[PDB]
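Note that ligands are numbered from 1 as they come in the structure, with each ligand's atoms numbered from 1 the same way. Residue numbers count from 1 along this sequence. Computed from heavy atoms alone, side chains included, the values below leave out hydrogens, waters and symmetry copies.
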Amino acid sequence: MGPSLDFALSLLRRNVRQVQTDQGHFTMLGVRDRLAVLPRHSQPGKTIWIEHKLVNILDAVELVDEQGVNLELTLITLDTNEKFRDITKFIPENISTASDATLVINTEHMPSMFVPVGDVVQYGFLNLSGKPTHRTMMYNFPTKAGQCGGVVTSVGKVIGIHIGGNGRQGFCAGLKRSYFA
Ligand SMILES: */C(=C/C(=O)OCC)[C@H](C[C@@H]1CCNC1=O)NC(=O)[C@H](Cc1ccccc1)NC(=O)CC(C)C
């Protein structure tokens, strides 16, 4: 097996989970220790369903920038014995572009799904169903409902979390390492 396929499969196995909030089905990225990230609009409560069991959420942090604008990410600390394989070193220090990215989705409805979204470019501002949102990137792929939380990936790097689309193109919140420090 090749190194690209090995990386995404290993991510799927060790770090990318099927979850459900009151808002419905999402892919969750497990970053390190008890720390995971979801799209903000998933609105995780005091518990979240994670693959086959209800998990207590110990804390939730909605990320905003300096201007107070939505970044569309929520950091959650889970009450579990597992520590996620630590993938922070695959997350760039700054929000970074990629060629030929792959979007890795893992939901009950869309399990272990690989979507070849193409190149990922800087986008910046996005209007997200009324909510202004900063620090996003774009791929010209017609992403759909159900794929939020999907992990944008390329050459052993974890660069974004899928957050929306307009029927023609798709948008991720960009990842930087310092959100997980
Ligand atoms: C991901 C969440 C989802 O499935 O829930 C809606 C039922 C979704 C992916 C989108 C849908 C169409 N194509 C996609 O890639 N994201 C959203 O639906 C965004 C929902 C949202 C609403 C209010 C606040 C935050 C997020 N909205 C969009 O993708 C629409 C445009 C970016 C404006």
Side-chain angles (χ1 to χ4, degrees), residues 8 11-12 15-31 36-51 54-55 57 59-76 78 91 95-154 157-176 179:
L11 261 185
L12 262 178
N15 295 93
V16 183
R17 312 287 203 240
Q18 310 187 346
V19 317
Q20 278 177 67
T21 57
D22 288 340
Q23 291 322 112
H25 282 95
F26 294 84
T27 295
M28 182 182 77
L29 179 65
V31 176
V37 64
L38 281 170
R40 191 208 43 91
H41 62 261
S42 77
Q43 321 280 33
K46 305 298 139 214
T47 58
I48 180 173
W49 183 258
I50 306 176
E51 248 117 33
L54 202 51
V55 179
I57 294 180
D59 207 46
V61 172
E62 305 195 355
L63 303 176
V64 294
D65 75 355
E66 94 266 340
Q67 305 152 69
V69 177
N70 181 48
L71 299 180
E72 196 57 34
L73 294 166
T74 302
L75 271 45
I76 64 177
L78 304 181
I91 299 171
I95 296 180
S96 302
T97 59
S99 284
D100 247 57
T102 295
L103 180 63
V104 181
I105 299 144
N106 192 36
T107 270
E108 171 179 335
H109 297 326
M110 285 185 258
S112 303
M113 177 182 196
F114 285 55
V115 174
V117 292
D119 303 340
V120 170
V121 301
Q122 303 299 3
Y123 199 74
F125 182 96
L126 188 70
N127 204 127
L128 183 78
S129 304
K131 185 98 137 143
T133 297
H134 285 169
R135 299 192 187 173
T136 69
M137 286 182 300
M138 172 280 275
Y139 17 102
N140 290 114
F141 192 94
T143 47
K144 59 191 261 256
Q147 298 183 322
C148 281
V151 187
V152 180
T153 73
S154 194
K157 288 225 188 82
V158 184
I159 73 184
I161 293 309
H162 187 78
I163 63 160
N166 60 25
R168 286 178 309 283
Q169 301 164 292
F171 306 97
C172 67
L175 298 195
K176 56 200 291 203
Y179 303 145

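- The nearest protein heavy atom to atom 15 (O) of ligand 1 is closer than 4.0 Å.
- In terms of polar-atom proximity, defined here as any N/O pair under 3.5 Å, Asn166 makes no such contact with ligand 1.
- None of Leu71, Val64, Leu126 except one satisfies the side-chain contact (heavy atoms from CB on, under 4.5 Å) rule with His134; the exception is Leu71.
- Within the 3.5 Å criterion, the main-chain N or O of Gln18 finds no donor-acceptor partner in the side chain of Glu108.
- The heavy atom nearest to atom 31 (C) of ligand 1, out of those in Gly170, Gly165, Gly164, is found in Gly165.
- Polar contact with ligand 1: present for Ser129 (N/O pair, distance under 3.5 Å).
- In terms of protein heavy atoms, atom 13 (N) of ligand 1 is closest to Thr143 O, 3.1 Å.
- If you number the atoms of ligand 1 from 1 as listed, the ones under 4.0 Å from a heavy atom of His162 come out as 15 (O).
- With atom 2 (C) of ligand 1 as the reference point, the heavy atom nearest to it among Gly146, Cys148, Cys172 is part of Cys148.
- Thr74 contributes no side-chain N or O that, together with a main-chain N or O of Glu62, makes up a donor-acceptor pair within less than 3.5 Å.
- Here the rule is side-chain contact (heavy atoms from CB on, under 4.5 Å) with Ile159, and of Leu175, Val120, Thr97 only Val120 fits it.
- For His25, the closest heavy-atom approach to ligand 1 does not fall below 4.0 Å.
- A donor-acceptor pair under 3.5 Å is absent between the side-chain atoms of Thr47 and the main chain of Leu54, judged by distance alone.
- Within 6.0 Å of the CG atom in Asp22, the count of heavy atoms belonging to other residues, nucleotides or ligands does not exceed 12.
- Applying the side-chain contact (heavy atoms from CB on, under 4.5 Å) test between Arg40 and each of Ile161, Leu73, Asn70 identifies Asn70 as the sole match.
- Contact between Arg40 and ligand 1 is present, with at least one heavy atom of the residue lying under 4.0 Å from the ligand.
- For the pair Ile163 and ligand 1, a heavy-atom separation below 4.0 Å is found.
- The protein atom (non-hydrogen) at minimum distance from atom 25 (C) of ligand 1 is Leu128 CD2, 3.1 Å.
- Of all the heavy atoms of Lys131, none lies under 4.0 Å from any atom of ligand 1, so neither backbone nor side chain is involved.
- Contacts with ligand 1 closer than 4.0 Å are made by no heavy atom of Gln23, backbone or side chain.
- Judged purely by atom type and a 3.5 angstrom limit, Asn106 uses its side chain to pair as donor or acceptor with the backbone of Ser112.
- Tested against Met28 for a side-chain contact (heavy atoms from CB on, under 4.5 Å), the candidates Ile76, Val16, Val37 yield a single pass: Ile76.
- With atom 33 (C) of ligand 1 as the reference point, the heavy atom nearest to it among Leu126, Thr133, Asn127 is part of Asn127.
- When only non-hydrogen protein atoms are considered, atom 7 (C) of ligand 1 lies nearest to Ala145 CB, 4.4 Å.
- The only member of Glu72, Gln23, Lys131 that meets side chain to side chain donor-acceptor pair (under 3.5 Å) when paired with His41 is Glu72.
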